[PDB]
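Reading the structure
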Amino acid sequence: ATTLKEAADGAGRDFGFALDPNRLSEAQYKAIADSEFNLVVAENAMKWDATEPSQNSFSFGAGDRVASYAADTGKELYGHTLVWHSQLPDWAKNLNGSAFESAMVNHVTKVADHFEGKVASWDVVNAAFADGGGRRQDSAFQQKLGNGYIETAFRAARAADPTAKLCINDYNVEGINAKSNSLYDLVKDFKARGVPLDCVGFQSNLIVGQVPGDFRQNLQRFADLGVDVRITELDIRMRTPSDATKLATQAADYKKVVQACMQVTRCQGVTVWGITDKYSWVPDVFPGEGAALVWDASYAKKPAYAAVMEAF
Ligand SMILES: *[C@H]1O[C@H](CO)[C@@H](O[C@@H]2O[C@H](CO)[C@@H](O)[C@H](O)[C@H]2O)[C@H](O)[C@H]1O
């Protein structure tokens, strides 16, 4: 094809990106955003802190901008995220018992209700499991509400929006390990009990060369549970600077990940976390690392571009 949009389009898959609405005013960014993707998710606009800064005082400004961009260009809209322990506004953290549960339910209801009909799928709960299996210990949701907060959130989301696909999202669950084994048990139990859950999202903030060789097998075992699977946040960081060897590996890595999704009939698509390395979140949390995206800081197509196109 001519673009990754058409490559993905022809494969019947989604290929998305994390949008920062403030960047649509940089011509080069919009040009790429417009032509190379078929799905979009808000990078930060739809999180709890961005949407409910004070209790019951909602701010859908940035959220709507992203949603409007999707409808105006004809792209699918992915929602991220309703419940996530990180970046939980301070007012929520200081709540407890029923008052905390009430705030969670109200946040879920209101945010899902506002975007009803626009958002096709939602990341209802994000990062609930601990690396090493079991439930995340440092989550205010887990501490205050116990094991059942997840089922509560999913039931509230479905109550507010009857048609959006409800997904459970997590990172470091790409391969078969103790954390994905725990996730797998939650998904099996939910489907058995009739708890509304339609998909499983796999983050995938990988490092160049450390791509689990059993990605497919893992993606496929979830699919068999009766849910859709998707890669919700891809990037392959490296130690900078980069050279013709790091990029050539990373190019191979993108191809593996996209290729694993293609082999699982229920893998809806791949979503890359940004457009250009210029605005990547990596340098800020991983000092010394970066160059994780498909486009460099000068909007040049890195080798990974041709790899993703081939993978589709
Ligand atoms: C996958 O991890 C990325 C980066 O760690 C998250 O996006 C970033 O979130 C932080 C905090 O909310 C922001 O500072 C960045 O602008 C944003 O790119 C995803 O939310 C997460 O799912």
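- In the PDB archive, X-ray crystallography is given as the structure determination method for this entry, at a resolution of 1.84 Å.

- The name given to the protein in the PDB entry is CELLULOMONAS FIMI FAMILY 10 BETA-1,4-GLYCANASE, with Cellulomonas fimi as the source organism.

Thoughts on the site of the ligand
- In the neighbourhood of the ligand, the contacting residues comprise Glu43, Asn44, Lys47, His80, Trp84, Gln203, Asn205, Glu233, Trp273 and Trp281.
- Between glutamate 43 and the ligand, the recorded distance is 2.8 Å, taken from a side-chain N or O atom to an oxygen atom.
- If the ligand stood free it would expose 480 Å²; the protein chains cover 71% of that surface.
- When each cavity is represented as a set of grid points, the ligand is found to reside in the largest pocket.
- Broken down by class, the residue content of the shell around the ligand amounts to three nonpolar, four polar and three charged.

As for the environment of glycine 74
- Note that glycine 74 resides in the loop between α4 (61-73) and β3 (76-84).
- Residue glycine 74 is classed as exposed on the basis of its relative accessible area of 63%.
- In this structure, the C-alpha to C-alpha distance between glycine 74 and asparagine 38, residues 36 residues apart in sequence, is 7.5 Å.

Remarks on helix α10 (residues 215-223)
- Residues of α10 that are buried: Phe215, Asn218, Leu219, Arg221, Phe222 and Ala223.
- Where the residues of α10 are buried, they touch α9 (178-193), β6 (199-202), β8 (228-239) and α11 (246-262).

What to know about the state of the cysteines
- Using the criterion set out here, one finds two disulfides in the structure.
- Between the sulfur atoms of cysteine 167 and its disulfide partner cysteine 199 the distance amounts to 2.0 Å. The sign of the -95 degrees torsion about the S-S bond sets the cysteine 167-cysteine 199 disulfide as left-handed. One end of the pair, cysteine 167, is in strand β5 (residues 165-170); the other, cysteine 199, is in strand β6, with 32 residues separating them in the sequence.
- Classification of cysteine 199 as buried rests on a relative accessible area of 7%.
- Residue pairing for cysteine 261: its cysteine sulfur links by disulfide to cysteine 267, the two sulfurs lying 2.0 Å apart. Here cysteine 261 and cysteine 267 share a disulfide; its torsion about the S-S bond, -100 degrees, makes the bridge left-handed.
- Judged by its relative accessible area of 2%, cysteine 261 is buried.

Regarding the pattern of salt bridges
- Applying the stated rule across the entire model yields 17 salt bridges.
- Between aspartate 20 and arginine 23 there is a salt bridge, with the nearest N and O atoms lying 3.9 Å from each other.
- Note that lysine 179 is salt-bridged to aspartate 170, the shortest N-O span being 3.4 Å.
- Judged by relative accessible area, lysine 179 falls into the buried class, the value being 2%.
- By relative accessible area, which is 0% here, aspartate 170 ends up buried.
- A network of salt bridges, in which partner residues are shared, links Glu151, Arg155, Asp189 and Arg193.

Parameters and conventions
- Residues numbered from 1 in each chain as written, not as in the entry; some residues may be left out.
- Heavy atoms only, no water.
- Residues with missing side-chain atoms left out of burial classes, pairs and counts.
- Near = heavy atom within 4 Å.
- Polar contact = N/O pair within 3.5 Å; in protein donor to acceptor, adjacent residues only side chain to side chain.
- Areas by Shrake-Rupley, 256 points an atom, 1.4 Å probe, with all protein chains shown as cover.
- 1 Å grid on protein atoms, 1.4 Å probe; cavity = no way out; pocket = protein on both sides within 12 Å on 5 of 7 lines; lining within 4 Å.
- Sits in = over half its atoms within 2 Å of the grid points.
- Nonpolar A, V, L, I, M, F, W, Y, C, P; charged D, E, K, R; others polar.
- Helix = DSSP H or I, 4+ residues; strand = E, 2+ residues; numbered from the N terminus.
- Buried < 20%, exposed > 50% of the residue type's maximum accessible area, 1.4 Å probe, protein only.
- Contact = heavy atoms within 4.5 Å.
- Disulfide = S-S within 2.5 Å.
- Salt bridge = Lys/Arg side-chain N within 4 Å of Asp/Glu carboxyl O.

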